[PDB]
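First the structure, in the form of structure tokens, and then the observations on it.
A short reminder: the numbers here are calculations on the coordinates, not readings from a lab. We place every Cβ from the backbone using ideal geometry, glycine too, and count neighbours over all the protein chains shown.
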Amino acid sequence: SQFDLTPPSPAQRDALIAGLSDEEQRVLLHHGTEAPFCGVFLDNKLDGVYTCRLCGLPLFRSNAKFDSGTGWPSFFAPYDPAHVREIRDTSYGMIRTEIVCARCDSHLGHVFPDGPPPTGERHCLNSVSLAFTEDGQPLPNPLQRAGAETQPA
Ligand SMILES: [Zn+2]
């Protein structure tokens, strides 16, 4: 990855959190308390990139030509596998795993084992956790990181 996955500094984290709505804070900053959501993402242009609502990291690409299968919302694919972390917890075991932002550790969703082959995985993403950048538009880059993050995704 050309992105710097170093977490936000404490000051940066405070600033970004200060910009979140109550609903956004409920979703992004908590783990294991809220009901899962499997967003369908019907409200944006097909061609762009979903970013972590907290830290701006590009997470999921959508494109009219993508065909990742029925375990993902229509037209979705991972932006970079390094950008999300899957978490297994003995509280759930094989029932579900949590998906978090690899940079800021904010809650993104869950993976359930009831998806299509070959992975058998269903990616259940909370739309509140994600912002959208249309193709051609520079990434939000709230951390003001140099390099790829200064460009369109
Ligand atoms: Zn993040």
>> Can you list residue pairs whose Cβ atoms sit under 8 Å apart, with the first residue in the stretch 39-61 being farther than 27 Å from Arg13 by Cβ and the second being among the aliphatic types (A, V, I, L, M) and more than 16 Å from the ligand (Cβ to nearest atom)? Count only pairs 6 or more apart in sequence or on different chains.
In response: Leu46/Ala64; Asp47/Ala64
>> Name the single residue that is nearest to the chain's Cα centre (by Cα) among those in the stretch 84-98 being of a type outside the set (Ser, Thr, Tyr) and buried (at least 18 other Cβ atoms within 10 Å of the Cβ).
In response: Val84
> Going by the conditions given, is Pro81 of a type outside the set (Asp, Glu), within 13 Å of the chain's Cα centre (by Cα) and surrounded by fewer than 13 Cβ atoms within 10 Å (Cβ to Cβ)?
Replying inline: yes
> Mind checking which residues of the stretch 79-102 are without any contact (Cβ under 8 Å) to a residue 12 or more places away in the chain and charged (D, E, K, R)?
Replying inline: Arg88
> Which members of the stretch 60-85 meet the condition of being of a type in the set (D, E, K, R) and assigned to a loop (DSSP other than H, G, I, E, B)?
Replying inline: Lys65, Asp67, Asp80
> Here are some residues: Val49, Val100, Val40. Which one is β-branched (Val, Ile, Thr) and within 16 Å of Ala153 (Cβ to Cβ)?
Replying inline: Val49
> Of the numbered conditions (1) within 11 Å of the chain's Cα centre (by Cα); (2) under 23 Å from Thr119 (Cβ atoms); (3) within 15 Å of the ligand (Cβ to nearest atom), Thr51 satisfies every one except a single condition; which is it?
Replying inline: (2)
> Hey, any hits in the stretch 109-131 for a residue that's of a type in the set (A, V, I, L, M, F, W, C), under 19 Å from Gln12 (Cα atoms) and in contact (Cβ under 8 Å) with a residue 60 or more places away in the chain?
Replying inline: yes
>> Of all residues being of a type outside the set (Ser, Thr, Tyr) and over 14 Å from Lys45 (Cβ atoms) in the stretch 61-72, which is surrounded by the fewest Cβ atoms within 10 Å (Cβ to Cβ)? Just the residue, please.
In response: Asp67
> Looking only at the stretch 39-59, which residues are surrounded by fewer than 17 Cβ atoms within 10 Å (Cβ to Cβ) and either of a type outside the set (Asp, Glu) or not in a loop (DSSP other than H, G, I, E, B) (or both)?
Replying inline: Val40, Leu42, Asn44, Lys45, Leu46
>> The conditions are (1) crowded, with 17+ Cβ neighbours inside 10 Å; (2) not hydroxyl-bearing (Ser, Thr, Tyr); (3) not in a loop (DSSP other than H, G, I, E, B), and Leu20 fails exactly one of them. Which is it?
In response: (3)
>> Restricting to the stretch 87-114, give me the number of residues that are away from the ligand (no atom under 13 Å from the Cβ), within 22 Å of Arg26 (Cβ to Cβ) and acidic (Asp, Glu).
In response: 2
